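this one is an experimental structure. Sequence first:
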Amino acid sequence: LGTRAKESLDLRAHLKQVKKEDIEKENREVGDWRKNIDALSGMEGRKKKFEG
Amino acid sequence: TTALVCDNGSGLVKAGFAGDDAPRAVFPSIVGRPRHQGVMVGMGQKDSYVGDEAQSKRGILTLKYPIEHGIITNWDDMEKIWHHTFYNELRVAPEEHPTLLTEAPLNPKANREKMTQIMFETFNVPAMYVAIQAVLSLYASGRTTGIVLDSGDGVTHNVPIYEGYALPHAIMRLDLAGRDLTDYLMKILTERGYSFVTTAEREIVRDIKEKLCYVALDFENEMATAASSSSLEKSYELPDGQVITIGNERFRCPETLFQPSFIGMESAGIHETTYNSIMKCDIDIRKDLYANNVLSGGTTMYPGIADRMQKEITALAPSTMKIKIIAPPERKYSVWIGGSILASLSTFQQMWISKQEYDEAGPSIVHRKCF
Amino acid sequence: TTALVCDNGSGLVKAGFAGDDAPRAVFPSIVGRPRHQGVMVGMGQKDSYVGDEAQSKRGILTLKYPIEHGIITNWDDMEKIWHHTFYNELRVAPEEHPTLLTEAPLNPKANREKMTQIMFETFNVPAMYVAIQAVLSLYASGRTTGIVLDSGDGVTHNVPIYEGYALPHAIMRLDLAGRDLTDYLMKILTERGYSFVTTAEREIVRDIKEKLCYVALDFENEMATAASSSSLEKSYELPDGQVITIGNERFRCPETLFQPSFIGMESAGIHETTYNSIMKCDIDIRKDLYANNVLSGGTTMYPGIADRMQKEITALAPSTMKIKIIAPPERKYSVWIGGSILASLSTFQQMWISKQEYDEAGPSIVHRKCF
Amino acid sequence: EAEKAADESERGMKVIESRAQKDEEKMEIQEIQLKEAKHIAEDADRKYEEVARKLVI
Amino acid sequence: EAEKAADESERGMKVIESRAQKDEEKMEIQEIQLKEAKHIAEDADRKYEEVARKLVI
Ligand SMILES: Nc1ncnc2c1ncn2[C@@H]1O[C@H](COP(=O)(O)OP(=O)(O)O)[C@@H](O)[C@H]1O
Ligand SMILES: Nc1ncnc2c1ncn2[C@@H]1O[C@H](COP(=O)(O)OP(=O)(O)O)[C@@H](O)[C@H]1O
Ligand SMILES: [Mg+2]
Ligand SMILES: [Mg+2]
């Protein structure tokens, strides 16, 4: 009984370890990057060009 | 180098580099040509907006999905979608990256062969491999057995697997999926006065379905309750105002999954095709499949489906077996997470279809040993 | 050093070191290759599961016994079974241990010669000896006379012995045994609706036979009773639920032993081949054989057989002789216990077939003085 | 801030589910062992009744 | 959206907490049951040896 339980537990541990390595390698390393602005409230510079 | 785990899907293209947790870029797979005339000169109007750009200009476009039911019906549009995915959403040239596409079970051969021919000739990848969409969803759960019901947006398929040995004679593929539920919801909304017809308004009906619909635990009791009280009527604001109130259309739209007779389909619901798929398996692995039923795919995200399905199967199955339904919170991207895990394995590194092999045997290499 | 008392058998391999009470490792002798395709990569899937490992993965294997009727029909599989037995169930290298195999009477010579050649060339044992499976069962009873009916799972043989002098002209070997009873039970279960076909489900039918079947004291009365009342119907739960109810199939399966006409065999039952084996003996040792009838082997474990057999023989035999049937509770391992006793004897220590002797005369040494 | 709160709740959920699954596995093991014990009981009783019969005769 | 997701995530976390507690309860109950089973087994074994002795005599 103990041997079979140990073997099954080791198999589950191996599969979950592979999953966890997959979690480790690429999780947030290239994850959420804001790449936004502060809306430039103090920007008081306008333009008088209209061709574009 | 790193591998590109693309996943064509039907409704949302999910892609990203192998070894991460979530796809880098997820965007609808629609290509919409403009339909009106256009009077402003020099506005820089393109001839086809693809991906997420055509979900913002959808007011003057005619969106058309290039993938109908798993199979690909319009190869030029699919090529355009792939080109966009590689160059603008990931910005990595395909000349330096292996690719791992995904394909539904029991699909036509010509679709797969054309897919590999495109990937090798147009984009000129180093090596590509095609995998069945259910084995990946089984990878992501960290299991090695279990019967996975991957109810996508195009096609719902139910692949049972034991100890890593797939059972090819027990795959039950059914063509009811999220798109048919969208059409049926759009058809039953007309019973209150709201008419959505344009291909752009199908997106609005899809949003209604995602945000409001839920699967009833017991259908008749809900039908009786919604017909007496008014505690179910939830309202929703269209993209221009004029809020609408959905009554018992809420749980009638996703009920089609368990009674495909609503949209005229003959077959049995997703609650009974799983039991049939189990009963085709051998008599000694039925307990394990009963205990490890896995849900995946987008359409299995309805609030309250993991209980309705368990109740139905417990009704069908013998009383002694334990019925357990695995419903991870990351259901939508389960296939892609599994794809990343599979592409990150060292043992898998020699299964890719190398380009020299394709040059020697032609596109029919995919059906050969390199599956 | 200590001797290895292996006992190939047919259905259960029993092994252990000489001088103990029970075999150390008992496990079915089946080797099953997987039959499906297998989609998970890196799962560590082997090409053949042997022994007790293939009784847990039997849902996706095709189990096949390497020993049909005493004789060995598939030498590669038998070699694999022996290798497993030595290295994984006992963990003792064979280079440092004598072995004592067992063999049914009247078996083909080539089987025995190949067995000794394998043991001396592949496993490279120091010395091995082959003994008849009935003399050991007579050792275990602590007798020195008596006629032993060793109804194994492969073959039923009936060796009479007096005062240590075996009677070679009175051995009656019959090929009905536990396996044919399993097949007949699997064939009569179809009369209620339960169909078992797969080679994996033969194991389930074997379990049914072991746990439920019993030998009727009088056949016609039981057939009449089971056809009127319902006090016999015992139920049993399959490996997945759906309990089954066995009616008069309970005592009809093991009745085949006493009426081999059920499975189409011509010969007489085990109740009459014992009497015939006695009557071939000399007229002055028949009383002792009548009084010391010994039962052994697995298949003689049916509840109520030691009374049916005694009733039958008392019907056949003369009224004055006393008929006694020795049925020790340790029937299943009787042959192996006897083997341990024989290997532990000092007088027997010079009967082994030493390796130098085999090198000088070849495998045909076994038929010579070292029997 | 809210995103971080959600992340931490997720961490708690994943760890606790690991705990619960391990306990369930333990339960299944106990179930099989109980089954074996009852099996032992039945076989013991049967053999004992048999030997009682033989003793009396 | 983030706050609603936080509420639901805490909901699921608490559900798994309660389920795991129930499972631990069942685990310990089956544990004491298993010990009782082992003791019954040993008692039956002793009885068996005894009756065998008597029958031999
Ligand atoms: N939160 C949600 N609730 C209900 N339905 C959803 C939800 N998210 C997506 N869906 C449905 O699932 C579909 C997306 O499925 P998806 O798994 O992307 O398909 P594919 O297998 O092609 O990737 C959408 O069309 C939508 O109808
Ligand atoms: N308790 C039992 N009741 C009835 N039949 C049994 C029992 N145990 C074993 N058998 C039958 O006996 C066979 C095992 O016989 P065994 O003595 O192991 O054969 P061998 O002589 O090859 O070792 C099994 O196939 C089974 O059919
Ligand atoms: Mg999908
Ligand atoms: Mg034998």
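That came through fine. Numbers count the residues shown, from 1 in each chain, chains lettered A, B, ... in the order given. Ligands and ions are numbered 1, 2, ... in the order given.

could you check how far stretch B:225-238 is from the centre of its chain?
Average the C-alpha atoms of stretch B:225-238, do the same for its chain, and the two points are 29 Å apart (C-alpha atoms, centre = their mean, to the nearest Å).

buried residues, that stretch. List them.
Applying a neighbour-count criterion of 16 or more other C-beta atoms under 10 Å in any protein chain shown, one finds B:226, B:232 buried in stretch B:225-238. The way it works is simple: take the backbone N, C-alpha and C, and place the C-beta from them, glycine included.

next one: stretch B:262-276
Neighbour-count burial for stretch B:262-276, with 16+ other C-beta under 10 Å as criterion, is recorded at B:262, B:268, B:269, B:270, B:271, B:272, B:273, B:274, B:275.

reformat these as CSV; add secondary structure and distance to residue C:347.
Putting the buried residues of stretch B:262-276 into CSV (DSSP: H, G, I helix; E, B strand; the rest coil; distance: C-beta to C-beta, whole Å) gives the following:
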residue, secondary structure, distance to residue C:347
B:262, coil, 86
B:268, coil, 74
B:269, coil, 76
B:270, helix, 74
B:271, helix, 73
B:272, helix, 72
B:273, helix, 71
B:274, helix, 68
B:275, helix, 66
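
quick one, phi/psi of residue 4?
With no chain named, the answer covers chain A. Phi and psi for residue A:4, reported as degrees, to the nearest 10, are phi -60, psi -40.

please refer instead to chain D.
Note on residue D:4: its backbone torsions stand at phi -60, psi -40 [degrees, to the nearest 10].

and it, how far is that from ligand 2?
63 Å (C-beta to the nearest ligand atom, to the nearest Å).

what's around the closest residue to chain C within chain A, how many residues?
Ranking the residues of chain A by distance to chain C (C-beta to the nearest C-beta) places residue A:18 first, at 8.2 Å. The local packing of residue A:18 (other C-beta atoms under 10 Å in any protein chain shown) involves 16 other residues.

excluding its backbone neighbours, what's nearest the residue nearest the centre of chain B?
With distances taken as C-alpha atoms, centre = their mean, residue B:152 lies nearest the centre of chain B, 2.6 Å away. Nearest residue to residue B:152 in three dimensions, chain neighbours excluded: residue B:297, at 4.4 Å (C-beta to C-beta, 6 or more residues apart in numbering or on different chains).

pull the contacting residues for residue 25.
Since you didn't name a chain, this refers to chain A. Residue A:25 makes contacts with B:19, B:20, B:344, as judged by C-beta atoms under 8 Å, 6 or more residues apart in numbering or on different chains.

sorry, I should have been clearer: chain B.
Counting by C-beta under 8 Å, 6+ apart, residue B:25 touches B:14, B:15, B:16, B:85, B:89, B:90.

how close does it get to residue C:227?
Taking C-beta to C-beta, to the nearest Å as the criterion, residue B:25 is separated from residue C:227 by 74 Å.

again with residue B:168
46 Å.

so what's the backbone phi/psi at residue B:139?
The phi/psi pair for residue B:139 (degrees, to the nearest 10) reads phi -60, psi -50.

can you give me the distance of the closest residue to it other than its chain neighbours to residue B:344?
Once its chain neighbours are removed from consideration, residue B:139 has its nearest residue in residue B:338; the separation is 3.5 Å (C-beta to C-beta, 6+ apart). Counting by C-beta to C-beta, the gap between residue B:338 and residue B:344 amounts to 11 Å.

compare the two (neighbour count), which wins?
Neighbours around residue B:338 and residue B:344, counted as other C-beta under 10 Å, are more numerous at residue B:338. The numbers are 28 against 21.

report the contact partners of that one.
Under the contact definition (C-beta under 8 Å, 6+ apart), the residues listed for residue B:338 are B:135, B:136, B:137, B:138, B:139, B:140, B:141.

near ligand 4, which residues of chain D?
For chain D, no residues are found near ligand 4 under the criterion C-beta under 5 Å from the ion.

endpoint to endpoint, stretch B:104-114 covers what distance?
15 Å (C-alpha to C-alpha, to the nearest Å).

now check that stretch, is it near ligand 3?
No - contact of stretch B:104-114 with ligand 3 is not found when judged by C-beta under 5 Å from the ion; the minimum separation is 7.8 Å.

how far does that stretch sit from the chain's center?
Between the mean C-alpha point of stretch B:104-114 and the mean C-alpha point of its chain there is a distance of 16 Å (C-alpha atoms, centre = their mean).

also stretch B:154-166?
On the basis of C-alpha atoms, centre = their mean, stretch B:154-166 is displaced by 15 Å from the centre of the chain it belongs to.

using PDB, list the CA coordinates for that stretch.
In PDB, the C-alpha atoms belonging to stretch B:154-166 read as follows (Å, rounded to 0.1, in the frame of the first residue of the first chain):
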ATOM      1  CA  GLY B 154     -16.100  26.400 -34.000                       C
ATOM      2  CA  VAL B 155     -16.400  22.800 -33.000                       C
ATOM      3  CA  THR B 156     -16.900  20.700 -29.800                       C
ATOM      4  CA  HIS B 157     -14.800  17.500 -29.700                       C
ATOM      5  CA  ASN B 158     -14.300  15.000 -26.900                       C
ATOM      6  CA  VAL B 159     -11.100  13.100 -26.900                       C
ATOM      7  CA  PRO B 160     -10.600  10.400 -24.200                       C
ATOM      8  CA  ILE B 161      -7.000   9.600 -23.200                       C
ATOM      9  CA  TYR B 162      -5.600   7.000 -20.800                       C
ATOM     10  CA  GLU B 163      -2.100   6.700 -19.500                       C
ATOM     11  CA  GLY B 164      -0.900   8.700 -22.500                       C
ATOM     12  CA  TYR B 165      -2.500   6.300 -25.000                       C
ATOM     13  CA  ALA B 166      -5.200   8.000 -27.000                       C
END
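
and it, anywhere near ligand 1?
Yes - shown here: stretch B:154-166 in contact with ligand 1 (C-beta under 6 Å from any ligand atom) through residue B:154.

show me the beta-bridge partners of residue B:353.
Following DSSP bridges, residue B:353 is listed with bridge partners residue B:128.

ok, it touching residue B:125?
No - in this structure, residue B:353 is not within contact of residue B:125 by C-beta atoms under 8 Å, at 9.7 Å.

quick check: bridge partners of residue B:64?
Assessed by DSSP bridges, residue B:64 has beta-bridge partners residue B:31.

what does chain D put close to chain A?
For chain D, the residues in contact with chain A (C-beta under 8 Å from any C-beta of the partner chain) are D:25, D:29, D:32, D:33.

any idea how far chain C is from the first one?
For residue D:25, the distance to chain C equals 16 Å [C-beta to the nearest C-beta, to the nearest Å].

the last one too?
Residue D:33 sits 17 Å away from chain C, going by C-beta to the nearest C-beta.

the closest residue to ligand 2 within chain D is in what secondary structure piece?
Taking C-beta to the nearest ligand atom, ligand 2 has its nearest neighbour within chain D at residue D:43, 9.1 Å off. In the assignment (DSSP states H and E), residue D:43 maps to helix D:2-56.

pull the distance from that helix to the chain's centre.
The gap between where helix D:2-56 is centred and where its chain is centred comes out at 0 Å by C-alpha atoms, centre = their mean.

so what secondary structure elements neighbour that helix?
helix A:2-25, helix E:2-56 (3 or more C-beta pairs under 8 Å, 6 or more residues apart in numbering or on different chains; DSSP states H and E).

quick one, that helix and helix E:2-56 angle?
Angle between the axes of helix D:2-56 and helix E:2-56 is 10 degrees (criterion: axes from the mean of the first three to the mean of the last three C-alpha atoms, to 10 degrees).

tilt between helix D:2-56 and helix A:2-25?
Calculated by the same axes, to 10 degrees, helix D:2-56 forms an angle of 170 degrees with helix A:2-25.

tell me which element residue B:173 falls in.
Remark: residue B:173 resides in strand B:172-174, with elements defined by DSSP H and E.

residues in contact with that strand?
If you take C-beta under 8 Å, 6+ apart as the criterion, strand B:172-174 is touched by B:104-106, B:155-158, B:260, B:267, B:270, B:273-274, B:276-277.
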